[PDB]
Ligand SMILES: Nc1nc2c(ncn2[C@@H]2O[C@H](COP(=O)(O)OP(=O)(O)OP(=O)(O)O)[C@@H](O)[C@H]2O)c(=O)[nH]1
Ligand SMILES: Nc1nc2c(ncn2[C@@H]2O[C@H](COP(=O)(O)OP(=O)(O)O)[C@@H](O)[C@H]2O)c(=O)[nH]1
Ligand SMILES: Nc1nc2c(ncn2[C@@H]2O[C@H](COP(=O)(O)OP(=O)(O)O)[C@@H](O)[C@H]2O)c(=O)[nH]1
Ligand SMILES: [Mg+2]
């Protein structure tokens, strides 16, 4: 009964999602044509979480693919595992965005919206009991949330009533090489909080560092960067798909990681990542997974955890395992550095044991964490709106469209207060007297 | 239970450790790719001592390999036993020391120590119980002597209760291999006094004659020469790895050898060393074996024990034999010449035995010895250095890298008291 | 002597160091105000009437016919500075124009949220008292203002969560500083029921959404 | 508690020294036995 | 202890007008605070106890947990201001069959339950300042078939404002109550 | 004739019963396919299966169990496992969505969508019953359906069946090892219902079974399966005298009248002393005295609270195997001579004794050993108060900042119920205090 | 002092079963005579 519909937006949703669907097709045992050629029965028992049976033994995914450029999702439909998607789910526009955020919200207001809503409707309703949705996208481009708060303000009307995850690619802190860039960082936020509240923020700079320093791949493309996120997406849904000794679905993760309703921050991580020449010389034990998933290196978000406090930790593991090693991770690191595990929460770790491991690997994990060091992620974006907002010089391209600039200035006000709300629960202690 | 972390720094320490892990793999049945094609179970029981274990039945050594620099140990990784080491334990940086103690300890040894210490904690946190560390390196080099003694200082600050061994090649007396040899030797010995508790002194010269007068092979190389220091590193710690009538460990071979904390520079050796032509000419018995153990020409240091007095002797033994004959003979060799053993220790000799001899021999033994006569080595080096430090020869290659001449003077001061303390216990 | 989630600091005997800090409960550096630039220009029709009742503001032009769209966001921007000959004009001038006039406090509400959160974001324990008094006075001294602030709780309340439980634990010894109200937690609390009693229905949930410690009164 | 003032005087009592270290009557034999079967410079 | 005291028609154990009102009382403050001063309608000092956790911060009339004050007076009256928050309070009594028995009144309880060592009942406060009269001799008779002997403890929890916690020999009307016991 | 229906609720409760009904079928001659084998007999018939199994006309034994749970793919493990034809397909009933570790979701939102069907199946299972002793429930204090749906079940079973011996087995949140962050919320809410609707609530902790598996059983890295077999061994010993004759046959009603002294004190401490591995079991003799001693040892308890900080009230000893009454009396006497084992002065007798002649049965693939005799201990101490004061410290630490409360208030409960649940817990400590101080 | 093995475990082993987490069968008991 419990089921997920995958919405992919942009190149980023489409390229990450296409890698995600081939991962799940390997995990469940589906060939590129769409039939089942698996070597087990539990690879088929709960395949009504991501695939629908079509007549002829042809399993078809449940992803609707959304983009405003026709060209992008022709490569998706002609990829390795690319013909599995049903054509009606492939919903295209004719002109997208570019350069100006102000163009992005004074361009295609409502054309492609209702077409997607029809596809999202039929695919959700022709089923049994909706666990929720998941959305893959990045925060960038020539629109930011310009198409976003244009198109999705028509979809957010009733969507926050059930579960909706979002694996979002947050901008990287390297250089500003989009010329008139620091106007799409300010106008991005608005409802950046109160419509998902389960966002798995994934930076590309941190994606390279795990590929350079941890995986030691000499030439990492964007493709194998999309392999790392696909493991995490599979990780947070493996207890729903495959049986386990300690089950934990999306809601059980969401309930057990979100104390306050404004916490769309879950920095991901995959524990058993090893180089090819070093995989042979690897122990692969329960402590070995735990010392990597909690490490600052294996964090797919450019925020060092030792800059703040873990408000809550999830430990969805995969295999035949233990969990008490994670208890020593608090008791050593928490009681000695109390600033790395929030003390007004007694135990900060949720664990899960899903019996079936990933392919090839014997044992794995999937860390997501609500650390209060994510104040810095929406602070690098914070010094990257203030830096060029005040001049408004190349904004004459914006000015031609140029919507209300209170909406320019209210978005960061709904972002710096989010930082403040994280600064509070990083500094808030049990006996509320000693911080004043 | 009690396991040993291998450390190796510099070119010499890696050439020695290349052949060290060859014979440990041979004794414990490990093949080049790291799978146990052994014979008995006793070669698999105490295998955690040197070899860790990885998924796939693979026995990864716990050794870490330290150098500043990636373009040479084709000797190891393209050698017979180089695939056994994991590629993560190899640690390196950009520019080499190049036989300079200042470069490997201060400038290029400032950024690699963070990388080496990170790896050795990873090897030391996967333990039920760490028995101790041990190092093989050069004493007159740039990376073996400069970096190697800085790694010793870093471990001692972090693991003070653990035991650290040093299998260092001390400078050869007659023909040297490096021009700046005493500068690196003096600065590294000075740090070795207070940062180690069991230090091994090796002359390449004494290995040459052992290779000739005893082993009787005409054309030597560093393969069979490093085999002598290889099986000494093995044979000392076989009491950890194999049982005996009464066994030992590194701790028992240190408390029973080091009277005073500044006196831990030892002399190793082997008793059974015969050629193929001498197999039919000599009997492998305990009296014939223990005779050539104490022979001065058999020693691995180019300084005779006859010039001084032995402070403490120990021997580890092997093979199913009598404890009576080995006990009465080492009384016999101790009491017949009392001018070489100190009067204020009634029994200078320690006996340890094992039950499993090496492959190819039915009984073998390894000698370890603390003598006053190792001051002969340090007192040459002390006047090597005052021949060169006095006129400031080769000093701008040290002063210009951030150190002063005071550290040279403290190294003379520490070595000269260590010499004066050795001569003090020569007289009873 | 260690960092955190490393191989180091997992041993049987280790000591460590935490983060730099958390930037909360701490005074932030102020910025130059538009109140400062507009006062030295002389555009304000105000005068510091040094009365023998304490200081008062004498208005050369009558308060009823002022352009409230250009003055209330400009007086509210002066709350984030503490030097005397400007901070009193912000404190007294806001209170004077709030209780005078009607049917013009309403259209200036949505352009009043930015200068009222900026003074609250300073996190110093002086003007946070001042902004809490004008927040109590804003909802009272007009008609149908609490309903206007219900969709704007998301930009005023996050600072009120940080200092909500700021009180004195003087169990028996009596305090004397209730004449001039410096107790932040009582001022945050009393503003919250003033927020909830006005605005009608669907107002308790907007406060409960984001300061969950609050108990919804008016049952 | 019945006390007396003739107790505030310092106790001015030193411990008599221990008997001297007992030289054994068999020590003169074990000097000769230990210094027996000993020569110099035999093997080396 | 309050045993040698006559225990006349009136006996006060806490009154906010004095040097140290919380002298015999024991203060336990946890994620809350205690203070003494606010003049809203009566221009007088009234003790405040309030906190974010109602069951954790409180005040108990006997300081030592082993000592128990013995008051034979059946009626228990406190003057407590309504704050529209969670307020609970204790009273522990000694019974004729020698059982330590407790009673609880709470704002956040729907229905009452009675069973052998605690009887919890609901309560509806008024709009502002009010006095409540906890008839101990009747509540020890309706809840259990038992007579009243003496109370042993009273304990006041968070989110309330306190003045003149006292016992009385019988229920008094407002006119016959003396001047220092009035609401105003 | 005497019998009891077993209820298994939650992923914890379902997994306990799977290793528990594995023991029950093997304790009798019952195979996984329900039918007893024609060839080979496990023993005399005696109609001893009647306490847990129902006999049909075709010669099939059917467990009197309902596997009610909101989590679909832990029951489908049973539905495709070895014990497939043992259970009815309609005895095993599943929800559509989990409660997601929420007491409110298992009680109010999802719980009302399935409470009607499970009471219909409980009624139909109990309709063919004649002399039903009571019910047994199995759950944990940390789950959503293990705490929320369990609480709703006792609410409905109290009025449908009146006053009936309704035993309870539960899993406590440990002091340190805990798989959830909202676990102190669920435990403090389900005890608010357990305290008034459970006649006896057996108290079991994960860390203590972790401790006795590594120390007594000498197994490294124990899993949930090993904890499951230890619990099912005790529950078999609780219902041991219902099926097999003994010197002192003790009933479920005789448990309650001899363990719990007052209507809030129904939280016994569980202890199984002869838990020992096979390589060290047959070496030494296992006298009945030394296993009575091992019941009072601090580390052999299955809840993390030693009785040295408390005082015993009533101890129920359930011996199985070749046990004569006279040397039990010697074992009880030598316990009473120790002043370190503190007994309350209002229970001079102190002990309730039950002897059974059937030794415990070993499961293939298990880690226990075949012992001639064994003992289960049901203590009752004031030392359990410190196991709950820690839970209040865990509750008050995060309730004071209203953490995770909107995950409860939005799903059909008010904020005052949290203070009402801590309320009975704030009285339960003082209820254990007032039965501890000596009368003077 | 101790008459039998039960009192040896029951006496001052200094092991709080409420506080002691994940000990070994050697540190199950730590007598006061062992410490000092
Ligand atoms: N002894 C034992 N305890 C278990 C076992 N499985 C789960 N538990 C306990 O269950 C707790 C986890 O929460 P659960 O009660 O299982 O949650 P649930 O039953 O799935 O209920 P929902 O959260 O609504 O899905 C852990 O803290 C364990 O203590 C088991 O096999 N043996
Ligand atoms: N991982 C990943 N990131 C991408 C890919 N394509 C774009 N990005 C990131 O997204 C940013 C711009 O993409 P964007 O313009 O938003 O794509 P759009 O959503 O179609 O408009 C770049 O900085 C990239 O780092 C991809 O295929 N994989
Ligand atoms: N016994 C032995 N000694 C060696 C070997 N290789 C080098 N050495 C000695 O090591 C010294 C050179 O030091 P080196 O390793 O280059 O120091 P580094 O530059 O810091 O690495 C020379 O004096 C040699 O005598 C070897 O294979 N065996
Ligand atoms: Mg579940």
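Determined by electron microscopy, 3.5 Å, according to the entry header.
Yeah, the Cβs are placed from backbone N, Cα and C, and that goes for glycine too.
Annotated features in Swiss-Prot:
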MOTIF     A:1-4  motif 'MREI motif'
BINDING   A:11, A:69, A:138, A:142, A:143, A:144, A:204, A:226  GTP binding site
MOD_RES   A:55  phosphothreonine
MOD_RES   A:58  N6-acetyllysine
BINDING   A:69  Mg(2+) binding site
MOD_RES   A:172  phosphoserine
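Among the recorded positions A:69, A:142, A:172, no residue is identified whose Cβ is positioned under 6 Å from ligand 2. The residue listed as 'phosphoserine' counts 15 other C-beta atoms within 10 Å of its own C-beta, drawing on all protein chains shown. Nearest Cα neighbour of residue A:138 (GTP binding site) among the listed modified residues (A:55, A:58, A:172): A:172. According to DSSP, residue A:138 (GTP binding site) is assigned to a strand segment. Look at the recorded positions A:11, A:55, A:138, A:143, A:226 and count other Cβ atoms within 10 Å of each Cβ; A:55 has the fewest.
Secondary structure by DSSP for the motif 'MREI motif' (A:1-4): 0 helix, 3 strand, 1 coil. Counting in whole angstrom, the residue listed as 'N6-acetyllysine' lies 26 from residue A:226 (GTP binding site) by their C-alpha atoms.
With A:11, A:69, A:138, A:142, A:143, A:144, A:204, A:226 listed as the residues that bind GTP, the site has a largest C-alpha separation of 23 Å. In this structure, residue A:55 (phosphothreonine) belongs to neither helix nor strand by DSSP; it is coil.
For residue A:204 (GTP binding site), applying a Cβ distance below 8 Å and a minimum sequence separation of six or more within one chain yields A:169, A:172, A:225. For the binding-site residues A:142, A:144, the largest tally of other C-beta atoms within 10 A is found at A:144. Note: the Cα of residue A:142 (GTP binding site) and the Cα of the residue listed as 'phosphothreonine' are spaced 42 Å from each other. Same-chain residues at least 6 positions away in sequence with a Cβ under 8 Å from that of residue A:69 (GTP binding site) are, in sequence order, A:11, A:92, A:93, A:96.
Taking only the Cα positions, the spacing between residue A:144 (GTP binding site) and the residue listed as 'phosphothreonine' is 40 angstrom. Classification of residue A:143 (GTP binding site) by DSSP places it in coil, neither helical nor stranded. With a 10 A radius on its CB, residue A:58 (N6-acetyllysine) counts 16 other CB atoms from all the protein chains.
Cα to Cα, residue A:55 (phosphothreonine) and residue A:226 (GTP binding site) are separated by 31 Å.
Secondary structure at residue A:204 (GTP binding site), as computed by DSSP, is helix.
Classification of residue A:172 (phosphoserine) by DSSP places it in coil, neither helical nor stranded.
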